[PDB]
Protein chains: 2
Amino acid sequence: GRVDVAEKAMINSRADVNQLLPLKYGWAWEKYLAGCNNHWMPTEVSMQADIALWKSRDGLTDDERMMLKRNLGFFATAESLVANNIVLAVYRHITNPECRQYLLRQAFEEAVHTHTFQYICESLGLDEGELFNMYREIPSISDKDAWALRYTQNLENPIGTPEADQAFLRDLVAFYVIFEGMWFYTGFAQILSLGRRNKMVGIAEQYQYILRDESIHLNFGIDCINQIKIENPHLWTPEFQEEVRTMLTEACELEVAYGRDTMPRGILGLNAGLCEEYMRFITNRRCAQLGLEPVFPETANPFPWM
Amino acid sequence: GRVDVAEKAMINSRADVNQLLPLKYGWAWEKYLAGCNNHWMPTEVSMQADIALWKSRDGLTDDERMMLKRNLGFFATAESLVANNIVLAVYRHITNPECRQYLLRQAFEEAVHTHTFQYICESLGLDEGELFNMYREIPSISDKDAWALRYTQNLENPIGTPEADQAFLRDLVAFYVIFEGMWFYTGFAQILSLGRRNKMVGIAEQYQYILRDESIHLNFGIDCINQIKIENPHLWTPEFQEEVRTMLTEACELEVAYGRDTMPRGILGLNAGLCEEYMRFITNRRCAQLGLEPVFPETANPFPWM
Ligand SMILES: [Fe+3]
Ligand SMILES: [Fe+3]
Ligand SMILES: [Mn+3]
Ligand SMILES: [Mn+3]
């Protein structure tokens, strides 16, 4: 009574989920190997330059500091939200050992990312309460997290029905495509912009590591949605496609509101309009990766260096 | 409305579990840092010698091969059982960010350990089905896993009552103290015995890495049980202490049955009696770490080199 590859599935599989071999989803196994080879620790990056620039007076404009605090405050608790969604929602529904294997890698990388913001907070001497509670004090940040949390909560408060599998797909889109593949990429562009100006390079280097992990996290999650679409064609209905297109649209309006609140006035080489262009370009890119009609007109990448 | 350390607790905490700082359980944070610094991959260990010894005729006695297959077959799927218990049971009930931080590390290390047995199975050319389905075909292995699984299932099929928190404590004992801290240690002694005879050294070296992770996994889980005992003194009743002492007793009888079936005749420098002595010594050691009356008389360590 050993497991055959035909018995294994992304969701609602009857095969023994405790048996890794034989592998069916090689693409999932490949991501796990790539994630492991990207081992890094935030304490490996020196913060001396960033600490000096932070404590100094002329080091950063008041707009740059606020942009930095809002970005850090958003990322500090967002990584925990993604990690909790993996554990409490994604892991249960993916009935596949090799995919769960990568989820364990991804979850741990979220702990490294969370570690990165404890290290930044402790290094720069930031207020822990102000930074980690920022996602309940700032409306622009709170609206983004509350919006993504609903798709996590909806799974927990509903047995393999089409509505159930569609609700799980909404969760994968909200966290892999939107949270990690859109909101984080926009926040990455803001911080890396300072790094390109040789400002807060220690924070920027850690963001480069997080972005490398984030690229695999997104790549895996798109593959999951696409792999689930292959095995469950009945789930990718025209109504659900418009649901996902609508989710991307709201998520962009939440980030526009966030970008405006984070950068009232644009800083050197960065503003809310350019971030609106990048978010609009990335969103269209996510639509193409999901086989979705783009929600915006053709938009160039304002940051081709990302 | 920021989080104070007084609001944070091991279980049933009301503090925002999404906010890592301020840290209350430094011991949990310390384990996470130690786990990360133990980064290793099973593919870093060469198997050429082990592959040659395996394919050769005189390389291993028939008793050694069976002992090796049963040990591998047990560990190949046991790591998934521990990982699933972390995600589906332990993570939900531990209402604490720094402890969840380590759980994400531990869960990933379980994926590395599971990776180790895919690598061993693929290297030695073992039957994947025979190895990964062995825990449903061998009664001695099946009885052990089925016994531990009940404590995972009982949590999933019952809201913060004393019975609920005691059932979660039974789960921590079953998987941290018994599964990882007893059954794995006994299985470690069997394989490392071959390594000390310069037999299957590649497998033995990987087991040394797993044992290093396993020591932290056990250390963390004992700390969790002890930390929960501090904050919930009403849970550590005399009846529950005897429940745990009874769990350890059954778990030892399941391993005695496993040891006998795995080693009918003892091999060079190893037999079921010595493994019974080690299990009995380790079990008494676990009792002392939990503030429990030992279940066996004073027993020396047959393997002081472990
Ligand atoms: Fe991520
Ligand atoms: Fe373990
Ligand atoms: Mn992340
Ligand atoms: Mn393990």
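Thresholds applied
Residues numbered from 1 in each chain as written, not as in the entry; some residues may be left out. Chains lettered and ligands numbered in written order. Heavy atoms only, no water. UniProt positions renumbered as here; feature names shortened; annotations may be inferred. Least-squares fit on C-alpha atoms. Donors = N, O, S within 2.8 Å, 3.2 Å for Na, K, Ca; no water. Tetrahedral: all angles 85-135°; square planar, octahedral: opposite > 155°, others 65-115°. Buried < 20%, exposed > 50% of the residue type's maximum accessible area, 1.4 Å probe, protein only. Helix = DSSP H or I, 4+ residues; strand = E, 2+ residues; numbered from the N terminus. Polar contact = N/O pair within 3.5 Å; in protein donor to acceptor, adjacent residues only side chain to side chain. Contact = heavy atoms within 4.5 Å. Salt bridge = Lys/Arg side-chain N within 4 Å of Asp/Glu carboxyl O.

What the entry reports as its method is X-ray crystallography, with 2.40 Å given for the resolution.

By the naming in the PDB entry, chain A is Ribonucleoside-diphosphate reductase subunit beta, taken from Saccharopolyspora erythraea. Looking at the header, the entry is titled "Crystal structure of ribonucleotide reductase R2 subunit solved by serial synchrotron crystallography". Its UniProt record, at the heading Sequence similarities (unreviewed entry), says of chain A: "Belongs to the ribonucleoside diphosphate reductase small chain family." Here chain A is described in UniProt, under the heading Subunit (unreviewed entry), as follows: "Tetramer of two alpha and two beta subunits."

**Overview of the relation of the copies chain B and chain A**
Overlay of chain B on chain A (RMSD 0.0 Å): rotation 180 degrees, translation along the axis 0.0 Å. The superposition operator between the copies reduces to a two-fold rotation axis.

**Here we look at the coordination of the iron ion (ligand 2)**
Reference values for coordination geometry: four tetrahedral donors around a metal ideally subtend 109.5 degrees, six octahedral donors ideally subtend 90 or 180 degrees. Residue and element names in this part refer to chain B. At 1.7 to 2.3 Å from the iron ion (ligand 2) lie its protein donor atoms, namely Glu110 (OE), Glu180 (OE), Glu214 (OE) and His217 (ND1). Angles of 77 to 166 degrees at the metal separate the four donor atoms of the iron ion (ligand 2), which places the site in the irregular class. In this structure the manganese ion (ligand 4) is found 3.0 Å away from the iron ion (ligand 2), and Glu110 serves as a bridging donor for the pair. As far as the burial class goes, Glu110 and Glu214 line up, both buried.

**Some words on the side chain of B:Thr95**
Residues and elements named next belong to chain B. Considering the arrangement of structural elements, one finds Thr95 in the loop between α3 (62–93) and α4 (97–124). The buried category is assigned to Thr95, whose relative accessible area is 17%. In this structure the side chain of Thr95 is engaged in a polar contact, spanning 2.8 Å, whose partner is the backbone nitrogen of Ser13. Leaving out residues up to four positions away in the same chain, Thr95 has contacts with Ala9, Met10, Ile11, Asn12, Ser13 and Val17.

**A word on the pattern of salt bridges**
Residues and elements named next belong to chain A. Taken as a whole and assessed by the stated rule, the structure comprises 36 salt bridges over all chains. Between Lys24 and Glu231 there is a salt bridge; the shortest N-O distance is 3.9 Å. With its nearest N and O atoms 3.2 Å apart, the salt bridge here joins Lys199 to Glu64. We note that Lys199, like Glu64, is buried.

**Considering the coordination of the manganese ion (ligand 3)**
All names here are of chain A. Around the manganese ion (ligand 3), the donor atoms from the protein are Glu79 (OE), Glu110 (OE) and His113 (ND1), and they sit 2.1 to 2.4 Å away. Written as a sequence motif, the donor residues of the manganese ion (ligand 3) are E-x30-E-x2-H. A spacing of 3.0 Å is found between the manganese ion (ligand 3) and the iron ion (ligand 1), which share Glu110 as a donor. You can see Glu110 and its partner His113 sitting in helix α4 (residues 97–124), three residues apart, about one turn around the helix.

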